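Enquirer: My file is input25.txt. It has compact mmCIF, C-alpha atoms:
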# COMPACT_ATOMS: atom_id res chain seq x y z
CA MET A 1 7.55 -18.26 -3.79
CA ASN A 2 7.56 -15.13 -1.63
CA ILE A 3 8.32 -11.68 -3.00
CA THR A 4 9.51 -8.94 -0.69
CA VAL A 5 9.15 -5.39 -1.96
CA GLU A 6 10.16 -2.44 0.20
CA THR A 7 10.81 1.29 0.17
CA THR A 8 11.66 3.90 2.79
CA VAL A 9 9.32 6.84 3.30
CA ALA A 10 10.84 9.99 4.82
CA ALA A 11 7.65 10.46 6.83
CA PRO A 12 6.88 9.22 10.38
CA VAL A 13 5.08 5.86 10.66
CA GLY A 14 2.20 7.66 12.37
CA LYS A 15 1.35 9.28 9.05
CA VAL A 16 2.39 6.32 6.90
CA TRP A 17 0.05 4.03 8.86
CA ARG A 18 -2.95 6.28 8.31
CA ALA A 19 -2.09 7.02 4.67
CA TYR A 20 -2.10 3.27 4.01
CA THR A 21 -5.39 2.70 5.84
CA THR A 22 -7.50 5.76 4.99
CA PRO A 23 -9.52 4.98 1.80
CA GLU A 24 -9.47 8.63 0.72
CA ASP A 25 -5.66 8.61 0.64
CA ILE A 26 -5.42 4.99 -0.51
CA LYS A 27 -7.23 5.80 -3.76
CA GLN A 28 -4.50 8.38 -4.38
CA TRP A 29 -1.65 5.84 -4.38
CA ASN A 30 -3.48 2.62 -5.26
CA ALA A 31 -2.05 2.44 -8.77
CA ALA A 32 0.93 0.72 -10.36
CA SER A 33 1.32 3.60 -12.79
CA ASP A 34 -0.37 6.84 -13.91
CA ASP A 35 -2.04 4.63 -16.51
CA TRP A 36 -4.02 3.25 -13.58
CA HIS A 37 -6.25 5.17 -11.19
CA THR A 38 -8.49 4.36 -8.24
CA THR A 39 -12.22 4.93 -8.72
CA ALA A 40 -13.45 3.70 -5.34
CA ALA A 41 -11.94 2.41 -2.10
CA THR A 42 -13.71 0.71 0.80
CA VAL A 43 -11.43 -0.16 3.72
CA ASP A 44 -12.54 -1.43 7.13
CA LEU A 45 -9.57 -1.39 9.48
CA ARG A 46 -9.93 -4.14 12.09
CA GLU A 47 -9.10 -7.79 12.73
CA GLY A 48 -11.72 -9.47 10.59
CA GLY A 49 -12.33 -6.40 8.48
CA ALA A 50 -12.01 -6.35 4.72
CA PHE A 51 -10.83 -3.90 2.09
CA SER A 52 -11.86 -3.47 -1.53
CA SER A 53 -10.08 -0.91 -3.67
CA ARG A 54 -10.97 -0.45 -7.32
CA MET A 55 -7.91 0.01 -9.52
CA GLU A 56 -8.85 0.73 -13.12
CA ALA A 57 -6.74 1.89 -16.05
CA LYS A 58 -7.39 4.99 -18.14
CA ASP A 59 -6.78 3.00 -21.34
CA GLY A 60 -10.38 1.86 -20.99
CA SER A 61 -9.81 -1.88 -21.09
CA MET A 62 -7.70 -2.72 -18.05
CA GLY A 63 -9.35 -2.71 -14.64
CA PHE A 64 -9.86 -4.91 -11.59
CA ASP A 65 -10.98 -4.91 -7.97
CA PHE A 66 -8.43 -5.52 -5.25
CA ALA A 67 -10.10 -7.09 -2.24
CA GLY A 68 -8.66 -8.71 0.87
CA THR A 69 -9.39 -9.49 4.49
CA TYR A 70 -7.35 -8.19 7.43
CA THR A 71 -6.59 -11.22 9.57
CA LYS A 72 -4.03 -9.49 11.78
CA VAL A 73 -3.75 -5.78 12.43
CA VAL A 74 -0.92 -4.37 14.52
CA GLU A 75 -1.29 -0.59 14.66
CA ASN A 76 1.76 1.32 13.41
CA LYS A 77 3.78 -1.89 13.09
CA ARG A 78 2.53 -4.65 10.79
CA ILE A 79 -0.48 -5.43 8.63
CA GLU A 80 -1.04 -9.12 7.97
CA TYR A 81 -3.91 -9.78 5.59
CA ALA A 82 -5.19 -12.33 3.12
CA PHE A 83 -6.34 -11.20 -0.32
CA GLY A 84 -8.32 -13.83 -2.17
CA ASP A 85 -6.31 -17.02 -1.80
CA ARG A 86 -3.05 -15.16 -1.21
CA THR A 87 -1.63 -13.52 1.89
CA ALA A 88 0.71 -10.57 2.40
CA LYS A 89 2.21 -8.85 5.41
CA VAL A 90 3.11 -5.18 5.36
CA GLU A 91 5.76 -4.43 7.96
CA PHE A 92 6.83 -0.91 8.81
CA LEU A 93 10.54 -0.96 9.59
CA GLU A 94 11.51 2.10 11.59
CA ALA A 95 14.80 3.42 10.22
CA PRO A 96 16.68 6.64 11.19
CA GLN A 97 15.95 8.03 7.71
CA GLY A 98 12.27 7.15 7.84
CA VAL A 99 9.95 4.16 7.67
CA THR A 100 10.81 1.29 5.35
CA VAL A 101 7.56 -0.24 4.13
CA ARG A 102 8.34 -3.93 3.72
CA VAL A 103 5.72 -5.97 1.88
CA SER A 104 6.27 -9.72 1.79
CA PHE A 105 3.59 -11.49 -0.23
CA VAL A 106 2.96 -14.92 -1.68
CA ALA A 107 3.41 -15.04 -5.45
CA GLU A 108 2.66 -17.60 -8.15
CA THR A 109 5.52 -19.24 -10.02
CA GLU A 110 3.44 -19.75 -13.17
CA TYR A 111 3.21 -15.97 -13.36
CA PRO A 112 6.16 -13.66 -14.18
CA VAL A 113 7.72 -13.00 -10.77
CA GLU A 114 9.45 -9.87 -12.08
CA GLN A 115 6.13 -8.50 -13.33
CA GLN A 116 4.50 -9.04 -9.93
CA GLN A 117 7.47 -7.64 -8.04
CA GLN A 118 7.86 -4.52 -10.18
CA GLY A 119 4.11 -4.03 -10.05
CA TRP A 120 4.09 -3.82 -6.27
CA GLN A 121 7.38 -1.91 -6.35
CA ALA A 122 5.80 0.67 -8.65
CA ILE A 123 2.82 0.98 -6.29
CA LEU A 124 5.23 1.47 -3.39
CA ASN A 125 6.98 4.24 -5.32
CA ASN A 126 3.64 5.99 -5.83
CA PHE A 127 2.64 5.38 -2.20
CA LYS A 128 6.02 6.62 -0.96
CA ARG A 129 5.82 9.90 -2.86
CA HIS A 130 2.16 10.43 -1.95
CA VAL A 131 3.01 10.28 1.75
CA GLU A 132 6.09 12.48 1.31
CA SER A 133 4.13 15.02 -0.72
CA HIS A 134 1.33 14.83 1.85
CA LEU A 135 3.80 16.36 4.28
CA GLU A 136 2.67 19.96 4.52
CA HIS A 137 5.16 22.73 5.20
CA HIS A 138 4.01 26.14 6.37
CA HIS A 139 5.25 28.51 9.07
CA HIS A 140 3.72 26.02 11.49
CA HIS A 141 0.12 27.34 11.75
CA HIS A 142 -1.29 23.85 11.15
Translate this file's structure into structure tokens.

Expert:
Amino acid sequence: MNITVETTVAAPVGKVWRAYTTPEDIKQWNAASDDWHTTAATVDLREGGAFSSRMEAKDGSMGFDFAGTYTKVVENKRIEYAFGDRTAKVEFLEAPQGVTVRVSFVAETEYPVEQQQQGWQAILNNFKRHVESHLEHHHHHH
């Protein structure tokens, strides 16, 4: 069972790539909902590097650590990693309207597929907006 969740960000892949790899920005979007929030994020970007992001809920009970190893890293194109016993590949599809972040991951069948899918979809929605709100707009200057 493989779930594919995707969403198009109106920002260039150059920024999307770094927003998905920089721990400081990751902890800003690493949440399925506002009910969740990231306390800490350690991400080593390299083939053989590992990431561990701490997603905890503000309800006080729910909380877990999301850790995985980057087996294959293609800069500004595709991120193929294995998290625990599962594996997922994040592909950045370059569209004329922006970059479609396509995440195809292995999912259990004994677990509610919809729950897993919408969970990642919700995260993608948060990620999407974080990148699009990260787009600064001044009279150039910066």

Enquirer: Measuring atom to atom with only C-alpha atoms, identify which of A:75, A:108, A:6, A:94 is nearest to residue 45 (chain A).

Expert: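 Smallest separation from residue 45 (chain A) among the options: A:75.
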
Enquirer: Starting from the point (5.9, -0.8, -12.5), work out which residues of protein, DNA or RNA have an atom no more than 12 Å away when counting all atoms listed in the file; state them as a PyMOL selection string.

Expert: chain A and resi 5+31-36+114-126

Enquirer: Pick out the closest residue to residue 26 (chain A) from this set: A:54, A:102, A:72, A:46. Count all atoms listed in the file.

Expert: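 Closest to residue 26 (chain A), using all atoms listed in the file: A:54.
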
Enquirer: Could you work out how far CA of residue 137 (chain A) lies from CA of residue 39 (chain A), giving the answer in Å with one decimal?

Expert: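 Answer for the CA of residue 39 (chain A) to CA of residue 137 (chain A) separation: 28.5 Å.
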
Enquirer: Ranking A:3, A:93, A:40, A:130 by minimum distance to residue 23 (chain A) and counting only C-alpha atoms, which one comes first?

Expert: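 So, comparing all the options, the nearest one is A:40.
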
Enquirer: Hey, can you pull every residue with an atom no more than 10 Å from (-4.8, 1.0, 4.9), using only C-alpha atoms, and send it as an mmCIF file with C-alpha atoms, in the coordinates of the input?

Expert:
data_model
loop_
_atom_site.group_PDB
_atom_site.id
_atom_site.type_symbol
_atom_site.label_atom_id
_atom_site.label_comp_id
_atom_site.auth_asym_id
_atom_site.auth_seq_id
_atom_site.Cartn_x
_atom_site.Cartn_y
_atom_site.Cartn_z
ATOM 1 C CA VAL A 16 2.390 6.320 6.900
ATOM 2 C CA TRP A 17 0.050 4.030 8.860
ATOM 3 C CA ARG A 18 -2.950 6.280 8.310
ATOM 4 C CA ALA A 19 -2.090 7.020 4.670
ATOM 5 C CA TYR A 20 -2.100 3.270 4.010
ATOM 6 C CA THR A 21 -5.390 2.700 5.840
ATOM 7 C CA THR A 22 -7.500 5.760 4.990
ATOM 8 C CA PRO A 23 -9.520 4.980 1.800
ATOM 9 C CA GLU A 24 -9.470 8.630 0.720
ATOM 10 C CA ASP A 25 -5.660 8.610 0.640
ATOM 11 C CA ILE A 26 -5.420 4.990 -0.510
ATOM 12 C CA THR A 42 -13.710 0.710 0.800
ATOM 13 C CA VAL A 43 -11.430 -0.160 3.720
ATOM 14 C CA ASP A 44 -12.540 -1.430 7.130
ATOM 15 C CA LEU A 45 -9.570 -1.390 9.480
ATOM 16 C CA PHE A 51 -10.830 -3.900 2.090
ATOM 17 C CA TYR A 70 -7.350 -8.190 7.430
ATOM 18 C CA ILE A 79 -0.480 -5.430 8.630
#

Enquirer: For CA of residue 56 (chain A) and CA of residue 41 (chain A), quote the distance in Å rounded to one decimal.

Expert: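 CA of residue 41 (chain A) lies at a distance of 11.6 Å from CA of residue 56 (chain A).
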
Enquirer: Using only C-alpha atoms for the distances, tell me which of A:106, A:62, A:113, A:90 is nearest to residue 74 (chain A).

Expert: A:90

Enquirer: With all atoms of region 95-105 of chain A from the file as input, state the centre and edge lengths in Å to one decimal of the axis-aligned box that has 6 Å extra on each side, as JSON.

Expert:
{"center_x": 10.1, "center_y": -1.7, "center_z": 5.5, "size_x": 25.1, "size_y": 31.5, "size_z": 23.4}

Enquirer: So that I can see what lies close to residue 89 (chain A), please list as a VMD selection string the residues with an atom at most 7 Å from it, counting all atoms listed in the file and leaving out residues fewer than 4 positions away in the same chain.

Expert: chain A and resid 78 to 81 103 to 105
